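J.: Fold the stuff below for me.
(chains A, B, C and D, ligands or ions: 4)
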Amino acid sequence: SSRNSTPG
Amino acid sequence: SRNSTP
Amino acid sequence: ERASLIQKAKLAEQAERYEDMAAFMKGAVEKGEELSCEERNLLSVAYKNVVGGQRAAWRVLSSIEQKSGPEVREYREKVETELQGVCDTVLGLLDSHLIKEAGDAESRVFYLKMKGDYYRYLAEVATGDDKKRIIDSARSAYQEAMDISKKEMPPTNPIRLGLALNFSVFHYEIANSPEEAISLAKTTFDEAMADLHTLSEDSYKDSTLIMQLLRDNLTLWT
Amino acid sequence: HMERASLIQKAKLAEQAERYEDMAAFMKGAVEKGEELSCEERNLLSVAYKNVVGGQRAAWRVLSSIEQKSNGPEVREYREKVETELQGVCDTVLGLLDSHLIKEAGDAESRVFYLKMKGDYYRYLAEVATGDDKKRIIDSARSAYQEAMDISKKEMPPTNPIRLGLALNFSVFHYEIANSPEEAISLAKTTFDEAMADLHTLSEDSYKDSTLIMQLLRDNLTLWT
Ligand SMILES: [Br-]
Ligand SMILES: [Br-]
Ligand SMILES: [Br-]
Ligand SMILES: [Br-]
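T.: Residues are numbered from 1 along each chain as shown, chains lettered A, B, ... in the order given. Ligands and ions are numbered 1, 2, ... in the order given. You can find the structure just below:
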């Protein structure tokens, strides 16, 4: 439900 | 896993 | 300023910035006005979170150091030194501003319990010549708090129950006196149990939560 | 003990203890020894600063949300204090990237990784900046991501996870910072489709790494369209 940026 | 006051 | 420092402590709590929250509460204490029950809880939550993170890090490092390398020892000592600095700050506030002869039994027991707790955190990482001195300071603070609570508070009071719970943990893990730990938890539970049916709605959750913790520790130790 | 190998070992201990500010300071010391970072060491540096700046970004969003919902001076002052700290962390990472990590030599993977990190830390500065300073920071983030995109399209296959992660972040930059949702959606769609065409030619370990980022690209497309 919230936008994704790279987990690193 | 003993408990102390939170 | 005092109203601003307390409001900033509440904002820091919402943002999960516990070091900022503790520094704002420290500034509010240094204004000289007594803390309300809500303000005491803000001060307590802030430092408990800060020292809780250091205690958890210390246990991870200590566990690696024992399972096994000068690096683990050096880094463990760095975390220890930081934890000690936080405890010394809380003990300093308690001595210079919070612990007094005046005030209700409730506030006096709260701060004396906090003094026992922060000396107990120092005792967890103490290994040298100061270890005995640190343990007797935790013991003396909890004992003085126990004497006041038994004379001036009902056995179901959550501050009285929480003090007995922590002093019982002190006996078990720090003082290596499991018989004294079990008998204190058992006596505290039984004396509260006798008055449970007359307990007021405001203390329902807090009193019953600590009675469950006393029961959990007894089940773990016996 | 602060030789390069001791600093890396201390960063690994700090990671296990969840002490990310200590972990970042140990990795900063290791980078300043002047030697290239291995893939494992790059990931340690990245995880450490991402956790540090992630906590400040989360605190900033809580404060900004309270400050906006109320529309006293306390929320603004405390929000500015958290902002100043976040800016100091980004300036430290940007300083390391400029003086030690970004260089001409090395494989395309390492070059794209650091240029992507430069775009990311300028993007975190852009999230809290205002006025003309915000405009310059937005143009600095775009230049770093664009230089990284040019290298990745020429030297990496479309399924490479560093290439995919760069497109994912540059797409987030277009959507939230640059206010260019059309460019954000078309970049995420193109990246997803070009990787999709080559997924069948990968090993189980590589397939798992590419598809994980492809799911994030898809999740953003589902959220925006
Ligand atoms: Br150290
Ligand atoms: Br000692
Ligand atoms: Br007693
Ligand atoms: Br402030």
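J.: residue furthest from the geometric center of chain C?
T.: Among the C-alpha atoms of chain C, the one most distant from their mean position (Cα atoms, centre = their mean) is that of residue C:69, at 33.9 Å.
J.: Would the longest helix seen in chain C count as contacting ligand 1?
T.: In chain C, assigned by DSSP state H, the helix with the most residues is helix C:37-67. No - against ligand 1, helix C:37-67 shows no contacts by Cβ under 5 Å from the ion, the least distance being 10.5 Å. In this view, the C-beta of every residue, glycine as well, is placed from N, C-alpha and C.
J.: Could I get the buried residue list for that helix?
T.: C:39-40, C:42-51, C:53-55, C:57-58, C:60-62, C:64 (16 or more other Cβ atoms under 10 Å in any protein chain shown).
J.: Let me see the contact set for residue C:147.
T.: By Cβ atoms under 8 Å, 6 or more residues apart in numbering or on different chains, the contact set of residue C:147 is empty.
J.: Name the helix or strand for it, please.
T.: helix C:131-152 (DSSP states H and E).
J.: C-alpha coordinates for that helix, CSV please?
T.: Output in CSV follows, covering the C-alpha atoms of helix C:131-152 (Å, rounded to 0.1, in the frame of the first residue of the first chain):
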residue,chain,number,x,y,z
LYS,C,131,30.4,-4.9,41.3
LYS,C,132,29.6,-5.4,45.0
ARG,C,133,29.1,-1.6,45.6
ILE,C,134,26.8,-1.4,42.6
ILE,C,135,24.7,-4.4,43.7
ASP,C,136,24.4,-3.1,47.3
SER,C,137,23.2,0.4,45.9
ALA,C,138,20.5,-1.4,43.8
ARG,C,139,19.5,-3.5,46.9
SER,C,140,19.4,-0.5,49.3
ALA,C,141,17.2,1.5,46.9
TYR,C,142,14.7,-1.3,46.4
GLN,C,143,14.6,-2.1,50.1
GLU,C,144,13.9,1.5,51.1
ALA,C,145,11.1,1.6,48.4
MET,C,146,9.7,-1.8,49.8
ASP,C,147,9.5,-0.3,53.3
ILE,C,148,7.6,2.7,52.2
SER,C,149,5.2,0.7,49.9
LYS,C,150,4.3,-1.8,52.7
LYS,C,151,3.5,1.0,55.2
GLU,C,152,1.7,3.5,52.9
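J.: Show me the residue at the heart of chain C, geometrically.
T.: By Cα atoms, centre = their mean, the most central residue of chain C is residue C:117, 3.6 Å off.
J.: That one and residue C:162, how far apart?
T.: 10 Å (Cβ to Cβ, to the nearest Å).
J.: mind listing the helices in chain C by residue range?
T.: With DSSP H as the criterion, chain C has helices spanning C:2-14, C:18-29, C:37-67, C:70-93, C:105-125, C:131-152, C:158-169, C:178-193, C:204-221.
J.: Kindly apply the preceding question to chain A instead.
T.: Going by DSSP H, chain A shows no helices.
J.: Any idea which residue is closest to the centre of it?
T.: For chain A, by Cα atoms, centre = their mean, the most central residue is residue A:4; offset 2.0 Å.
J.: how far away is it from chain B?
T.: 34 Å (Cβ to the nearest Cβ, to the nearest Å).
J.: quick one: contacts for the closest residue to residue C:99 other than its chain neighbours?
T.: Leaving out its chain neighbours, the residue that sits closest to residue C:99 by Cβ to Cβ, 6 or more residues apart in numbering or on different chains is residue C:111, at 5.0 Å. Applying Cβ under 8 Å, 6+ apart, we find residue C:111 in contact with C:94, C:98, C:99.
J.: Residue C:165 now?
T.: B:3, B:4, B:5, C:185, C:188, C:210, C:213, C:214, C:217.
J.: residues from chain C in reach of chain D?
T.: C:4, C:7-8, C:11-12, C:14-17, C:20, C:53, C:56-57, C:60-61, C:64, C:70-72, C:74-75, C:78-79 (Cβ under 8 Å from any Cβ of the partner chain).
J.: Return the nearest residue of chain A with respect to ligand 2.
T.: residue A:8 (40.7 Å; Cβ to the ion).
J.: number of nearby residues for that residue?
T.: Residues lying near residue A:8 (other Cβ atoms under 10 Å in any protein chain shown) number 17.
J.: From what I see, residue C:46 and residue C:25 are in contact.
T.: Yes - Residue C:46 lies in contact with residue C:25 (Cβ atoms under 8 Å); the separation is 5.1 Å.
J.: Pull up the overlap in contacts between those two.
T.: Common contacts of residue C:46 and residue C:25 (Cβ under 8 Å, 6+ apart): residue C:9.
J.: which non-adjacent residue is nearest residue C:43?
T.: residue C:25 (4.3 Å).
J.: now do residue C:220
T.: residue B:2 (6.1 Å).
J.: what sits against that neighbour?
T.: C:169, C:172, C:173, C:217, C:220, C:221.
J.: As CSV, the residues you listed with neighbour count would be great.
T.: Below are those laid out as CSV (neighbours: other Cβ atoms under 10 Å in any protein chain shown):
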residue, neighbour count
C:169, 21
C:172, 21
C:173, 16
C:217, 22
C:220, 11
C:221, 13
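J.: still on that earlier bit, just the helices of chain C: most buried one?
T.: Most buried of the helices of chain C by mean neighbour count (mean count of other Cβ atoms under 10 Å in any protein chain shown) is helix C:158-169; its value is a mean of 26.
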